[PDB]
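Below is one structure, written out as structure tokens, with a few remarks after it.
Chain IDs A, B, C, D, E, F, G, H, I, J, K and L follow the sequence of writing; residue 1 opens each chain.
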Amino acid sequence: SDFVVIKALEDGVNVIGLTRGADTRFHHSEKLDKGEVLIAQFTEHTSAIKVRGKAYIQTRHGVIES
Amino acid sequence: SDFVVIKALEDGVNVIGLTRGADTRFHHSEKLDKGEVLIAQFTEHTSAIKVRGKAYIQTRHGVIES
Amino acid sequence: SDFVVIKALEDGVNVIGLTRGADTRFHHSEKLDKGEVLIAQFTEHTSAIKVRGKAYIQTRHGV
Amino acid sequence: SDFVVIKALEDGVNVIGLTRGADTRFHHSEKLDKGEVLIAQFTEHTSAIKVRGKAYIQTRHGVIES
Amino acid sequence: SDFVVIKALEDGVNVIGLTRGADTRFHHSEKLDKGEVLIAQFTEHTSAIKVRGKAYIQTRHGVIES
Amino acid sequence: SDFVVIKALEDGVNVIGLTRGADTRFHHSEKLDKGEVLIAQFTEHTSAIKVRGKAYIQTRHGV
Amino acid sequence: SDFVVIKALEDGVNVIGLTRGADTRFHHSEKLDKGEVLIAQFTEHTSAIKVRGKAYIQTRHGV
Amino acid sequence: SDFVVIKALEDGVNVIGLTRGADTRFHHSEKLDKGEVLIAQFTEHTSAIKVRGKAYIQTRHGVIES
Amino acid sequence: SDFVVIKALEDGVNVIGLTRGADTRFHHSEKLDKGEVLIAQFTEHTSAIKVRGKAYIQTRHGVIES
Amino acid sequence: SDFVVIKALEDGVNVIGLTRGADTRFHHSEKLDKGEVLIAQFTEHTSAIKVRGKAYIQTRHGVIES
Amino acid sequence: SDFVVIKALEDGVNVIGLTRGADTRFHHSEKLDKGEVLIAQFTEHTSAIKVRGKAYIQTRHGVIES
Amino acid sequence: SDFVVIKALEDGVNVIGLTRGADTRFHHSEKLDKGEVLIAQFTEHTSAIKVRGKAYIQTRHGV
């Protein structure tokens, strides 16, 4: 059951969950300050994740460091 | 369930989800500005994903960049 | 479910979904201009995919 | 759920589906011109696939390039 | 379900499917001329496949050529 | 389901299917002439396979 | 079920469990002092985990 | 669903099936002459196999050549 | 089901299990003196494990020592 | 289901199956003379196998010889 | 279905099972003298295992030799 | 189901099966003399195995 690891590399990074279903809207925005990590799953409610700001991101497919 | 990772390499990248089913239309477009990342699942509503604009994309099959 | 990755290397590449079932016809053609990417699954409705135009294609079997 | 990748290397290549069941007959013939690719699954209706003409073919078992 | 890949190395190759069940007879023969390829599943009707003629054959177990 | 690959290296190779169940007898013998190939599955009806004659044989365990 | 490993490298590291469901709020914060280790699963109730403070973190994806 | 490969290296090799159940007795003995191969499964009726005589034997665990 | 391995590197190491569910409290603490080892599963009652004191810990993800 | 491979290195090797269940007794002993091989499954009746005499034994865990 | 291998390296080593459920208490203590081995599963009744004394311990995660 | 391989390196090695359930007691001890081999499964009835005496032991975790 897949998840994403997200480490903020600066202040005020946002990790935003988007709603599962016919409709797509942001249901929640988690704020990360520098060096804070968010380990976040895809779930019954979240089918897409947006990251804004400079962040090191780990997934099953590998790494993308801003 | 499988997911794509999309990082924007310029401003104004569109990640477009196509409806699952007999019919195919765009149901949602997500604008990504430079540096921003979207990780998006295939879902009971999205069976095809379309990226317009300069992107770095990881899937289960490998990298595809530009 | 398995999927294909198609990157258009010219304008007007067509990604064509053929119908699942006894009958085979196309039900949709997605057009990509140069540089655009389609990630497309096999589904309840699409059992074959035809790309026409120059494309870089990735599947579970390789490039 | 297995599939075959078929890339025509000349004009007028045919990819022919054969019917699943007691009876075997061609139910459909897809024409490929040079450089067109067909990614085709085995399905409830197709249990065999014939390719006529010069074609690069990819499957789980590897490659056969005419 | 598993499948065989047969490429004809001369004209007039026969790919023959044998009936699944208590009884065993040929139910279908597919003629392949030189260069042509058949990818054929084992099915609820075919439990044994027979190739006559010069062929290149790939299965899950490896190559067998001539 | 698992399968065997048999290539005949002489004329008149016999691929013999033995019956699944309490009783063991052959129910079928498929004959191959030199160069012919049989790919044969274990099935509801065949639980053992005997090859007689010179053959190159491939199974999941090797050659 | 998958889990995370968190080792605190300062005092007062917070391991925060965010709620599973339509609503997202924290339901618990576990505090670790320097050197302490939390191994924590994703559960029926926690679908996201935020670490705040300097920590060495291990997941199935690496360090 | 496990099987054993047995190749007789001399004349008059026996491959003997033993009965599954509380009771153990030989239910069948297959005779192999030199260079004959038997590919034999474990089944609802056979839970042990005995080989007598000089034989090359292949299983999941590797090879034992008399 | 997955488990952790904890070896105490000093006297007085605490292995604490946290309750699974909507609520989170300590339900049990296990004191380990130097040299002693605990292997503990995640369970229908414990969804998070906490180690205080100098420990060597192995999990499915690797070693973590001190 | 898993199986053991036993090759006799001398005459009079015994392969003994122990009953599965609350009780444990020998239910069958199979004499193997030198060179002979037994491949025997664990079954709904045999949950432990005992070899007396000089044997070469392969299991899923590796070789054990003498 | 996971298990732990435990080999006592001195006299009077204890392997203690702890109860599965809301409650945690020692339900059993197995005494090992030097060079005795215990191969012990996690079960419906045992969700944690404590080892006291100098012992070589093998699990899925590797080795810890006192 | 998983199993253990025990080869006795002296006379009178005991392979002891401990009972599965709330209660833990031995229900059986299989004795091996030098050179004898026991391959033994974990079962509905045996959840722990104790070897006493010098033995070479193989499990899924190694030797």
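The rule we apply is simple: contacts are C-beta pairs under 8 Å (C-beta built on N, C-alpha and C of every residue); 3 or more make two chains touch, one makes a residue touch a chain.
Protein identities per chain, from UniProt: A, B, C, D, E, F, G, H, I, J, K, L = Transcription attenuation protein MtrB.
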Task: Starting at subunit E, fewest touch steps before arriving at subunit H - done: 2
TODO: Please report how far subunit F has to rotate so that its Cα atoms sit on those of subunit L, a copy of the same sequence, as a value between 0 and 180° in steps of 5.
DONE: 90
Open item on the list: Taking the mean of the C-alpha atoms as each chain's centre, how many Å separate subunit D from subunit F?
Closed with: 29
TODO: Using mean C-alpha positions as chain centres, tell me how far subunit A is from subunit G in Å, no decimals.
DONE: 15
Task: Chain centre separation in whole Å, for subunit K relative to subunit B (CA means) - done: 50
- [ ] Find every residue in subunit A that makes contact with two or more other chains and list them.
- [x] 59-60
Open item on the list: Which label fits the chain touch graph of this model best, line, ring, star, complete or other?
Closed with: ring
TODO: Beginning with subunit K and moving on to subunit L, name the chains as they sit around the ring.
DONE: K, L, J, H, F, E, D, C, B, A, G, I
- [ ] Within their complex, state which residues of subunit K touch subunit I.
- [x] 2, 4, 18, 20-22, 24, 42, 47-55, 57, 59-62, 64, 66
Task: Parts of subunit G lying in touch with subunit I, wherever the complex brings them together - done: 1, 3, 5, 7, 17, 27-28, 30, 32-33, 35-41, 43-46, 56, 58-60, 63
